[PDB]
>>> print(open('my_file_9.csv').read())   # CSV, C-alpha atoms
chain,number,residue,atom,x,y,z
Y,489,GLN,CA,0.0,0.0,0.0
Y,490,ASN,CA,2.9,2.4,0.8
Y,491,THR,CA,4.4,1.6,-2.6
Y,492,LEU,CA,1.1,2.2,-4.3
Y,493,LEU,CA,0.8,5.6,-2.6
Y,494,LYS,CA,4.3,6.5,-3.7
Y,495,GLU,CA,3.5,5.5,-7.3
Y,496,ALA,CA,0.3,7.7,-7.1
Y,497,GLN,CA,2.4,10.6,-5.9
Y,498,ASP,CA,4.9,10.1,-8.7
Y,499,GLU,CA,2.0,10.0,-11.2
Y,500,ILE,CA,0.6,13.3,-9.8
Y,501,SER,CA,4.0,14.9,-10.1
Y,502,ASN,CA,4.3,13.8,-13.7
Y,503,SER,CA,0.8,15.1,-14.4
Y,504,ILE,CA,1.8,18.5,-12.9
Y,505,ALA,CA,5.0,18.5,-15.0
Y,506,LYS,CA,3.5,17.5,-18.3
Y,514,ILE,CA,-5.6,26.4,-34.5
Y,515,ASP,CA,-3.4,26.3,-37.5
Y,516,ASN,CA,-5.2,23.3,-38.9
Y,517,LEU,CA,-8.5,25.2,-39.0
Y,518,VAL,CA,-6.7,28.0,-40.9
Y,519,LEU,CA,-5.4,25.5,-43.4
Y,520,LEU,CA,-8.8,24.0,-43.8
Y,521,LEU,CA,-10.3,27.4,-44.5
Y,522,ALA,CA,-7.6,28.1,-47.0
Y,523,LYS,CA,-8.4,24.8,-48.8
Y,524,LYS,CA,-12.1,25.8,-48.8
Y,525,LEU,CA,-11.2,29.2,-50.3
Y,526,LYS,CA,-9.0,27.5,-53.0
Y,527,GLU,CA,-11.9,25.1,-53.8
Y,528,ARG,CA,-14.3,28.1,-54.2
Y,529,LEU,CA,-11.8,29.8,-56.5
Y,530,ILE,CA,-11.5,26.6,-58.6
Y,531,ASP,CA,-15.3,26.5,-58.8
Y,532,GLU,CA,-15.4,30.1,-59.9
Y,533,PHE,CA,-12.8,29.4,-62.6
Y,534,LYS,CA,-14.8,26.4,-63.8
Y,535,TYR,CA,-18.0,28.6,-63.9
Y,536,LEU,CA,-16.0,31.2,-65.9
Y,537,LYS,CA,-15.0,28.5,-68.4
Y,538,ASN,CA,-18.7,27.8,-68.6
Y,539,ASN,CA,-21.1,30.7,-68.0
Y,540,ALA,CA,-22.7,31.5,-64.6
Y,541,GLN,CA,-23.8,28.3,-62.9
Y,542,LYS,CA,-25.8,28.5,-59.7
Y,543,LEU,CA,-25.3,24.7,-59.1
Y,544,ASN,CA,-21.6,25.3,-58.5
Y,545,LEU,CA,-22.5,28.0,-56.0
Y,546,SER,CA,-24.8,25.6,-54.3
Y,547,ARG,CA,-22.1,22.9,-54.2
Y,548,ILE,CA,-19.6,25.5,-52.8
Y,549,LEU,CA,-21.3,25.1,-49.4
Y,550,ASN,CA,-20.3,21.4,-49.2
Y,551,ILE,CA,-16.6,22.4,-49.0
Y,552,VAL,CA,-17.5,23.8,-45.6
Y,553,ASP,CA,-18.8,20.4,-44.5
Y,554,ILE,CA,-15.6,18.8,-45.8
Y,555,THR,CA,-13.5,21.2,-43.8
Y,556,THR,CA,-15.6,20.5,-40.7
Y,557,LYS,CA,-15.0,16.8,-41.2
Y,558,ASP,CA,-11.3,17.4,-41.5
Y,559,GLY,CA,-11.3,19.3,-38.2
Y,560,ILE,CA,-13.3,16.5,-36.5
Y,561,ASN,CA,-10.8,14.0,-37.8
Y,562,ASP,CA,-7.9,16.0,-36.2
Y,563,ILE,CA,-9.9,16.1,-32.9
Y,564,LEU,CA,-10.5,12.4,-33.1
Y,565,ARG,CA,-6.8,11.7,-33.7
Y,566,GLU,CA,-5.9,13.8,-30.6
Y,567,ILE,CA,-8.5,11.9,-28.6
Y,568,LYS,CA,-6.9,8.6,-29.7
Y,569,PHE,CA,-3.5,9.8,-28.8
Y,570,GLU,CA,-4.8,10.8,-25.3
Y,571,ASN,CA,-6.3,7.3,-24.9
Y,572,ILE,CA,-3.0,5.7,-25.9
Y,573,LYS,CA,-1.2,7.8,-23.3
Y,574,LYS,CA,-3.7,6.8,-20.6
Y,575,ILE,CA,-3.3,3.1,-21.5
Y,576,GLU,CA,0.5,3.5,-21.2
Y,577,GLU,CA,0.1,5.2,-17.8
Y,578,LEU,CA,-2.1,2.3,-16.7
Y,579,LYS,CA,0.5,-0.2,-17.8
Y,580,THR,CA,3.3,1.7,-16.0
Y,581,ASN,CA,2.7,0.6,-12.4
Y,582,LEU,CA,0.2,-1.9,-11.2
Y,583,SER,CA,-1.6,-0.2,-8.3
Y,584,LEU,CA,-5.3,-0.5,-9.3
Y,585,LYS,CA,-6.8,-2.0,-12.5
Y,586,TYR,CA,-10.5,-1.3,-11.9
Y,587,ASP,CA,-9.7,2.4,-11.1
Y,588,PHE,CA,-7.7,2.6,-14.4
Y,589,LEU,CA,-10.6,1.1,-16.3
Y,590,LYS,CA,-13.2,3.4,-14.7
Y,591,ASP,CA,-11.8,6.7,-16.1
Y,592,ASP,CA,-11.9,5.5,-19.7
Y,593,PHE,CA,-15.7,6.2,-19.9
Y,594,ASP,CA,-15.2,9.7,-18.4
Y,595,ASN,CA,-12.4,10.4,-21.0
Y,596,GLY,CA,-14.7,9.2,-23.8
Y,597,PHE,CA,-17.5,11.5,-22.5
Y,598,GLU,CA,-15.1,14.4,-22.4
Y,599,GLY,CA,-14.0,13.7,-26.0
Y,600,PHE,CA,-17.7,13.6,-27.1
Y,601,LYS,CA,-18.3,16.9,-25.4
Y,602,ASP,CA,-15.3,18.4,-27.1
Y,603,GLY,CA,-16.6,17.0,-30.5
Y,604,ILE,CA,-20.0,18.5,-29.8
Y,605,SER,CA,-18.5,21.9,-29.0
Y,606,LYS,CA,-16.4,21.7,-32.2
Y,607,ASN,CA,-19.6,20.8,-34.1
Y,608,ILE,CA,-21.5,23.8,-32.7
Y,609,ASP,CA,-18.8,26.4,-33.1
Y,610,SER,CA,-17.6,25.2,-36.5
Y,611,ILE,CA,-21.3,25.0,-37.7
Y,612,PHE,CA,-21.7,28.7,-36.7
Y,613,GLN,CA,-18.5,29.5,-38.6
Y,614,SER,CA,-19.7,27.6,-41.7
Y,615,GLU,CA,-23.0,29.3,-41.6
Y,616,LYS,CA,-21.2,32.7,-41.5
Y,617,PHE,CA,-19.0,31.6,-44.4
Y,618,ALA,CA,-22.1,30.6,-46.4
Y,619,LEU,CA,-23.7,33.9,-45.7
Y,620,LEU,CA,-20.6,35.7,-46.8
Y,621,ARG,CA,-20.5,33.6,-50.0
Y,622,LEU,CA,-24.1,34.4,-50.7
Y,623,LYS,CA,-23.4,38.1,-50.2
Y,624,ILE,CA,-20.5,37.9,-52.6
Y,625,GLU,CA,-22.7,36.2,-55.2
Y,626,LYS,CA,-25.3,39.0,-54.8
Y,629,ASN,CA,-22.5,38.9,-62.2
Y,630,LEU,CA,-19.3,39.6,-60.3
Y,631,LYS,CA,-16.3,40.8,-62.4
Y,632,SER,CA,-14.2,37.7,-61.7
Y,633,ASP,CA,-10.9,38.9,-60.3
Y,634,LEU,CA,-12.6,41.5,-58.0
Y,635,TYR,CA,-14.9,38.8,-56.9
Y,636,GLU,CA,-11.9,36.5,-56.1
Y,637,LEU,CA,-10.4,39.4,-54.0
Y,638,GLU,CA,-13.6,40.0,-52.2
Y,639,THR,CA,-13.8,36.3,-51.4
Y,640,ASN,CA,-10.1,36.4,-50.2
Y,641,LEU,CA,-11.2,39.1,-47.7
Y,642,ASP,CA,-14.5,37.6,-46.6
Y,643,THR,CA,-13.1,34.0,-46.2
Y,644,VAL,CA,-10.1,35.6,-44.5
Y,645,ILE,CA,-12.5,36.9,-41.8
Y,646,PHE,CA,-14.1,33.5,-41.8
Y,647,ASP,CA,-10.7,31.8,-41.4
Y,648,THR,CA,-9.9,34.0,-38.5
Y,649,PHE,CA,-13.2,33.1,-36.9
Y,650,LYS,CA,-12.5,29.4,-37.5
Y,651,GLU,CA,-9.0,29.7,-35.9
Y,652,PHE,CA,-10.5,31.4,-32.9
Y,653,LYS,CA,-13.0,28.6,-32.6
Y,654,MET,CA,-10.2,26.0,-32.8
Y,655,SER,CA,-8.2,27.8,-30.1
Y,656,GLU,CA,-11.1,28.2,-27.7
Y,657,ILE,CA,-12.4,24.6,-28.2
Y,658,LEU,CA,-8.8,23.3,-27.8
Y,659,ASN,CA,-8.5,25.2,-24.5
Y,660,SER,CA,-11.8,23.7,-23.4
Y,661,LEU,CA,-10.7,20.2,-24.4
Y,662,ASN,CA,-7.4,20.6,-22.5
Y,663,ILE,CA,-9.4,21.7,-19.4
Y,664,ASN,CA,-11.6,18.6,-19.8
Y,665,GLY,CA,-8.6,16.4,-20.1
Y,666,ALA,CA,-7.1,17.9,-16.9
Y,667,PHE,CA,-10.3,17.3,-15.1
Y,668,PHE,CA,-10.3,13.6,-16.3
Y,669,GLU,CA,-6.7,13.2,-15.1
Y,670,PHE,CA,-7.7,14.7,-11.7
Y,671,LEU,CA,-10.6,12.2,-11.5
Y,672,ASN,CA,-8.3,9.3,-12.3
Y,673,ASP,CA,-5.9,10.5,-9.6
Y,674,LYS,CA,-8.7,10.7,-7.1
Y,675,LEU,CA,-9.8,7.2,-8.1
Y,676,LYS,CA,-6.3,5.9,-7.6
Y,677,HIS,CA,-6.1,7.5,-4.2
>>> encode(input="my_file_9.csv", output="structure tokens")
Amino acid sequence: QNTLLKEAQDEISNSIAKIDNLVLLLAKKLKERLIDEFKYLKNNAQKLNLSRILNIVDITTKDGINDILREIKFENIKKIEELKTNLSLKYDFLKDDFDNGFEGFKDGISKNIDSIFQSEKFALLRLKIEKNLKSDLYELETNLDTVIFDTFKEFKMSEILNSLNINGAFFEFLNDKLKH
């Protein structure tokens, strides 16, 4: 029991010791919109392409969700390694996995909400830009509007990542309490 308490203290000490992707996704969405505009310029003035443009936002949201899921998987692997490190309590180690999964689901839901607001804002900006559009000037106006949208997406990524880090810290504290 004394050895287990020492191991728990060491784990607590280790825990005490130890946004750009969203911007890249927004830039990719802007590039896709520019490619669609160029295709519409090769043809003439397609509204179906404008309707399809909104799907690039969903693609970018899916990419962000994939990044978040990869981070969650890495956190789970780290938790498994920590459980393997020293054999003090196996049931307590198993218990916190559900809490970690719930925290990851909450982070994913927050990402969905904030990124959906950002995607709706980007769609509104694109609709405003569409409202015959001399092409190069339209591309520059899109480069400004989607720039504001990319800044909003980066802010959403930063805030949601801070919230996810806080949730992970809370889960680690709960695991430490269970070990105690």
>>> closest_residue(input="my_file_9.csv", among="Y:644, Y:661, Y:671, Y:493", to="residue 591 in chain Y", atoms="all atoms listed in the file")
Y:671
>>> closest_atom_pairs(input="my_file_9.csv", of="range 605-633 of chain Y", to="range 552-566 of chain Y", cutoff="12 Å", atoms="all atoms listed in the file", output="JSON lines")
{"residue": "Y:605", "atom": "CA", "partner": "Y:560", "partner_atom": "CA", "distance": 10.6}
{"residue": "Y:606", "atom": "CA", "partner": "Y:560", "partner_atom": "CA", "distance": 7.4}
{"residue": "Y:607", "atom": "CA", "partner": "Y:556", "partner_atom": "CA", "distance": 7.7}
{"residue": "Y:608", "atom": "CA", "partner": "Y:556", "partner_atom": "CA", "distance": 10.5}
{"residue": "Y:609", "atom": "CA", "partner": "Y:556", "partner_atom": "CA", "distance": 10.1}
{"residue": "Y:610", "atom": "CA", "partner": "Y:556", "partner_atom": "CA", "distance": 6.6}
{"residue": "Y:611", "atom": "CA", "partner": "Y:556", "partner_atom": "CA", "distance": 7.9}
{"residue": "Y:612", "atom": "CA", "partner": "Y:556", "partner_atom": "CA", "distance": 11.0}
{"residue": "Y:613", "atom": "CA", "partner": "Y:552", "partner_atom": "CA", "distance": 9.1}
{"residue": "Y:614", "atom": "CA", "partner": "Y:552", "partner_atom": "CA", "distance": 5.9}
{"residue": "Y:615", "atom": "CA", "partner": "Y:552", "partner_atom": "CA", "distance": 8.7}
{"residue": "Y:616", "atom": "CA", "partner": "Y:552", "partner_atom": "CA", "distance": 10.5}
{"residue": "Y:617", "atom": "CA", "partner": "Y:552", "partner_atom": "CA", "distance": 8.0}
{"residue": "Y:618", "atom": "CA", "partner": "Y:552", "partner_atom": "CA", "distance": 8.2}
{"residue": "Y:619", "atom": "CA", "partner": "Y:552", "partner_atom": "CA", "distance": 11.9}
{"residue": "Y:621", "atom": "CA", "partner": "Y:552", "partner_atom": "CA", "distance": 11.2}
>>> residues_around(input="my_file_9.csv", residues="residue 647 in chain Y", least_positions_apart="2", cutoff="8 Å", atoms="only C-alpha atoms", output="PyMOL selection string")
chain Y and resi 517-518+521-522+643-645+649-651
>>> closest_residue(input="my_file_9.csv", among="Y:640, Y:672, Y:664, Y:489", to="residue 583 in chain Y", atoms="all atoms listed in the file")
Y:489
>>> closest_residue(input="my_file_9.csv", among="Y:630, Y:637, Y:575, Y:551", to="residue 589 in chain Y", atoms="only C-alpha atoms")
Y:575
>>> atom_distance(input="my_file_9.csv", atom1="CA of residue 503 in chain Y", atom2="CA of residue 585 in chain Y")
18.8 Å
>>> residues_around(input="my_file_9.csv", residues="residue 586 in chain Y", least_positions_apart="4", cutoff="10 Å", atoms="only C-alpha atoms", output="compact mmCIF listing (two decimals) with C-alpha atoms, in the coordinates of the input")
# COMPACT_ATOMS: atom_id res chain seq x y z
CA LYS Y 590 -13.20 3.40 -14.70
CA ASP Y 591 -11.80 6.70 -16.10
CA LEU Y 675 -9.80 7.20 -8.10
CA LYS Y 676 -6.30 5.90 -7.60
>>> closest_residue(input="my_file_9.csv", among="Y:498, Y:584, Y:515, Y:667", to="residue 648 in chain Y", atoms="only C-alpha atoms")
Y:515
>>> atom_distance(input="my_file_9.csv", atom1="CA of residue 634 in chain Y", atom2="CA of residue 542 in chain Y")
18.6 Å
>>> closest_residue(input="my_file_9.csv", among="Y:499, Y:641, Y:543, Y:505", to="residue 581 in chain Y", atoms="all atoms listed in the file")
Y:499
>>> axis_aligned_box(input="my_file_9.csv", around="range 647-661 of chain Y", padding_each_side="8 Å", output="AutoDock Vina command-line options")
--center_x -10.7 --center_y 27.1 --center_z -32.4 --size_x 21.0 --size_y 29.8 --size_z 34.0
>>> closest_residue(input="my_file_9.csv", among="Y:545, Y:572, Y:666, Y:657", to="residue 532 in chain Y", atoms="only C-alpha atoms")
Y:545
>>> build_atoms(input="my_file_9.csv", residues="range 625-653 of chain Y", atoms="N, CA, C and O atoms", output="CSV table (one decimal), in the coordinates of the input")
chain,number,residue,atom,x,y,z
Y,625,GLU,N,-22.0,36.6,-54.0
Y,625,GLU,CA,-22.7,36.2,-55.2
Y,625,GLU,C,-23.7,37.3,-55.6
Y,625,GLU,O,-23.9,37.6,-56.8
Y,626,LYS,N,-24.3,37.9,-54.6
Y,626,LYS,CA,-25.3,39.0,-54.8
Y,626,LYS,C,-24.6,40.2,-55.4
Y,626,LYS,O,-25.1,40.8,-56.4
Y,629,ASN,N,-23.2,39.2,-61.0
Y,629,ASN,CA,-22.5,38.9,-62.2
Y,629,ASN,C,-21.0,38.9,-61.9
Y,629,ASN,O,-20.3,38.1,-62.5
Y,630,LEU,N,-20.5,39.8,-61.0
Y,630,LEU,CA,-19.3,39.6,-60.3
Y,630,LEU,C,-18.1,39.5,-61.3
Y,630,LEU,O,-17.5,38.4,-61.5
Y,631,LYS,N,-17.7,40.6,-61.9
Y,631,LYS,CA,-16.3,40.8,-62.4
Y,631,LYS,C,-15.3,39.9,-61.6
Y,631,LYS,O,-15.1,40.1,-60.4
Y,632,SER,N,-14.7,39.0,-62.3
Y,632,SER,CA,-14.2,37.7,-61.7
Y,632,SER,C,-13.0,38.0,-60.7
Y,632,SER,O,-13.0,37.5,-59.6
Y,633,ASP,N,-12.0,38.7,-61.2
Y,633,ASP,CA,-10.9,38.9,-60.3
Y,633,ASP,C,-11.2,39.7,-59.0
Y,633,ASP,O,-10.8,39.4,-57.9
Y,634,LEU,N,-12.1,40.7,-59.2
Y,634,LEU,CA,-12.6,41.5,-58.0
Y,634,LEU,C,-13.4,40.6,-57.1
Y,634,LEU,O,-13.3,40.7,-55.9
Y,635,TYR,N,-14.2,39.7,-57.7
Y,635,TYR,CA,-14.9,38.8,-56.9
Y,635,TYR,C,-14.0,37.8,-56.1
Y,635,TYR,O,-14.2,37.5,-54.9
Y,636,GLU,N,-12.9,37.4,-56.7
Y,636,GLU,CA,-11.9,36.5,-56.1
Y,636,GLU,C,-11.3,37.3,-54.9
Y,636,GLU,O,-11.0,36.7,-53.8
Y,637,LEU,N,-11.0,38.6,-55.1
Y,637,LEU,CA,-10.4,39.4,-54.0
Y,637,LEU,C,-11.3,39.6,-52.9
Y,637,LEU,O,-11.0,39.5,-51.7
Y,638,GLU,N,-12.6,39.9,-53.2
Y,638,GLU,CA,-13.6,40.0,-52.2
Y,638,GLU,C,-13.8,38.7,-51.4
Y,638,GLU,O,-14.0,38.8,-50.2
Y,639,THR,N,-13.7,37.6,-52.1
Y,639,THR,CA,-13.8,36.3,-51.4
Y,639,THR,C,-12.5,36.1,-50.5
Y,639,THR,O,-12.6,35.6,-49.4
Y,640,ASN,N,-11.4,36.5,-51.0
Y,640,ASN,CA,-10.1,36.4,-50.2
Y,640,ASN,C,-10.2,37.3,-49.0
Y,640,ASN,O,-9.5,37.0,-48.0
Y,641,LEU,N,-11.0,38.3,-49.0
Y,641,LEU,CA,-11.2,39.1,-47.7
Y,641,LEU,C,-12.2,38.5,-46.8
Y,641,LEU,O,-12.0,38.3,-45.6
Y,642,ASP,N,-13.4,38.1,-47.4
Y,642,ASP,CA,-14.5,37.6,-46.6
Y,642,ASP,C,-14.1,36.2,-46.0
Y,642,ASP,O,-14.2,36.0,-44.7
Y,643,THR,N,-13.6,35.3,-46.8
Y,643,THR,CA,-13.1,34.0,-46.2
Y,643,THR,C,-11.9,34.2,-45.4
Y,643,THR,O,-11.6,33.3,-44.5
Y,644,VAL,N,-11.2,35.4,-45.4
Y,644,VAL,CA,-10.1,35.6,-44.5
Y,644,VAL,C,-10.7,35.9,-43.1
Y,644,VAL,O,-10.2,35.4,-42.1
Y,645,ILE,N,-11.7,36.7,-43.1
Y,645,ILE,CA,-12.5,36.9,-41.8
Y,645,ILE,C,-13.0,35.6,-41.3
Y,645,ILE,O,-12.9,35.3,-40.1
Y,646,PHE,N,-13.5,34.8,-42.2
Y,646,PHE,CA,-14.1,33.5,-41.8
Y,646,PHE,C,-13.0,32.6,-41.3
Y,646,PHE,O,-13.2,31.8,-40.3
Y,647,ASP,N,-11.8,32.6,-41.9
Y,647,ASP,CA,-10.7,31.8,-41.4
Y,647,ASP,C,-10.2,32.2,-40.0
Y,647,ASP,O,-9.9,31.4,-39.2
Y,648,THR,N,-10.2,33.5,-39.8
Y,648,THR,CA,-9.9,34.0,-38.5
Y,648,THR,C,-10.9,33.5,-37.4
Y,648,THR,O,-10.5,33.1,-36.3
Y,649,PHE,N,-12.2,33.6,-37.8
Y,649,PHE,CA,-13.2,33.1,-36.9
Y,649,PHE,C,-13.0,31.6,-36.6
Y,649,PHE,O,-13.1,31.1,-35.5
Y,650,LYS,N,-12.7,30.8,-37.7
Y,650,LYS,CA,-12.5,29.4,-37.5
Y,650,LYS,C,-11.2,29.1,-36.6
Y,650,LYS,O,-11.2,28.2,-35.8
Y,651,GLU,N,-10.2,29.9,-36.8
Y,651,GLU,CA,-9.0,29.7,-35.9
Y,651,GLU,C,-9.3,30.1,-34.5
Y,651,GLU,O,-8.8,29.4,-33.6
Y,652,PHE,N,-10.1,31.1,-34.2
Y,652,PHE,CA,-10.5,31.4,-32.9
Y,652,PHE,C,-11.3,30.3,-32.3
Y,652,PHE,O,-11.2,30.0,-31.1
Y,653,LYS,N,-12.2,29.7,-33.1
Y,653,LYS,CA,-13.0,28.6,-32.6
Y,653,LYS,C,-12.1,27.4,-32.2
Y,653,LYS,O,-12.3,26.8,-31.2
